[PDB]
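Protein chains in written order, with the entry's author numbering: chain A, 34 to 168; chain B, 34 to 167.
Okay, so here's the structure we're looking at.
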Amino acid sequence: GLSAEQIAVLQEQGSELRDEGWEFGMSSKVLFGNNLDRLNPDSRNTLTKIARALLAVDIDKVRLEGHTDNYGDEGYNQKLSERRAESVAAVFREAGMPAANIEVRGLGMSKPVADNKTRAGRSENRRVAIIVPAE
Amino acid sequence: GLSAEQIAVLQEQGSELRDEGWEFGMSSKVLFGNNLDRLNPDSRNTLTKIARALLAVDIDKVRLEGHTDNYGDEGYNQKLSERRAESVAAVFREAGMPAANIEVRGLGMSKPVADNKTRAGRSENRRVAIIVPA
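So, in structure tokens, the structure goes:
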């Protein structure tokens, strides 16, 4: 489904082809700092650049997945994760991505990329993934 | 004033480093077709992609110059050229480029890049130049 020019842009962004599509994770610490779901202003600006880079090569569909580590209440973490993905979705909408083409999901603790017994692994698990499907 | 990352985006657009900065020309026949200053819808989308490409690498300041060939009245061609640059500016604003960072100029027939004796040359002169000062 994606053209070579689109793949080249995604690779330049640091995205990697996974079973859900081309995926780029960003730290929650970087995106939100001490906030809950309000983005830090520099992070909003970074996200707008990503959205505009995608839109400039007609990538106009994305899936945004929020994730946490396993510390804390499961239901809270799921709600938090969904609201954090939604904050990223709001930036993509404001940049010009059609709202109907944005899928937003909060996975809470259910899909780790790292081991939850380390600070560093818990850290890597607190993230919002930007996913461009490859179909 | 521009990083390599920014220069690379400009090169990909076809920009060359000229007098006023990094410049590429978009054909008026492509942008406007048979219209006066109304952009063709496909051409609006093309310009939005260009604006977003520049914005994605923090190029948020441009100069837009309208140009005509030597066919018709000097003053009308100047006015036409200014309105055509302004239509492009409106697309750039809608894409998110700050309005205060966009300079719009109509140069009319005054700064040709090709010989106006030829249909091909006249067309090369009917253009909107997109310039990123360095």
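C-beta: ideal position from N, C-alpha, C; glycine also.
Contact under 8 Å by Cβ, residue i with residue j
i: residue 168(B); j: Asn158(B); result: What the structure shows of chain B is the stretch from 34 to 167, and residue 168(B) is not part of that stretch, so it cannot be assessed.
i: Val42(B); j: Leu80(B); result: no
i: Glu53(A); j: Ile164(A); result: yes
i: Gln44(B); j: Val90(B); result: no
i: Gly139(A); j: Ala118(A); result: yes
i: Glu168(A); j: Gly34(A); result: yes
i: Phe65(A); j: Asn78(A); result: no
i: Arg155(B); j: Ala128(B); result: no
Straight-line Cα distance separating residue j from residue i
i: residue 245(A); j: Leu113(B); result: Residue 245(A) cannot be examined here, being either before or after the span of chain A that is shown, 34 to 168.
i: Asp75(A); j: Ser60(A); result: 13 Å
i: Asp148(A); j: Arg160(A); result: 14 Å
i: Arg51(A); j: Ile92(A); result: 17 Å
i: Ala123(B); j: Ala153(A); result: 47 Å
i: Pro131(B); j: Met130(A); result: 19 Å
i: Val63(A); j: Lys82(A); result: 15 Å
i: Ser36(B); j: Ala37(A); result: 25 Å
i: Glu49(B); j: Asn67(A); result: 45 Å
Given residue i as reference, the closest of the options once Cα atoms are compared
i: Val121(B); options: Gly34(B), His100(B), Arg51(B) and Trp55(B); result: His100(B)
i: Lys94(A); options: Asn149(A), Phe125(A) and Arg51(A); result: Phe125(A)
i: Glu115(A); options: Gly66(A), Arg71(A) and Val63(A); result: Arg71(A)
i: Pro166(B); options: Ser36(B), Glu56(B) and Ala128(B); result: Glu56(B)
i: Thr151(B); options: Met130(B), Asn103(B) and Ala128(B); result: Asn103(B)
i: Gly58(A); options: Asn68(A), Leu97(A) and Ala153(A); result: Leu97(A)
i: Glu107(A); options: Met142(A), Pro131(A) and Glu127(A); result: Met142(A)
i: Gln111(A); options: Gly129(A), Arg85(A) and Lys144(A); result: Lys144(A)
i: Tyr109(B); options: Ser36(B), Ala153(B) and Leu69(B); result: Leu69(B)
Residues that DSSP places opposite residue i in a beta bridge
i: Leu97(A); result: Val137(A) and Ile163(A)
i: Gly54(A); result: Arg51(A)
Residue i CB to nearest heavy atom of the ligand FAD below 7 Å
i: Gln44(B); result: Looking for the ligand FAD in the displayed structure turns up nothing, as the structure carries no ligands at all.
Subject >> Length at least 3, wholly inside the region 123-161 of chain A: the beta strand (DSSP E) runs in chain order >> reply: With a minimum length of 3 residues, the continuous beta strand (DSSP E) runs that stay inside the region 123-161 of chain A are 135-139.
Subject >> Whole beta strand (DSSP E) elements within the region 58-88 of chain A, 3-residue minimum >> reply: As far as the region 58-88 of chain A is concerned, it has no whole beta strand (DSSP E) run of at least 3 residues.
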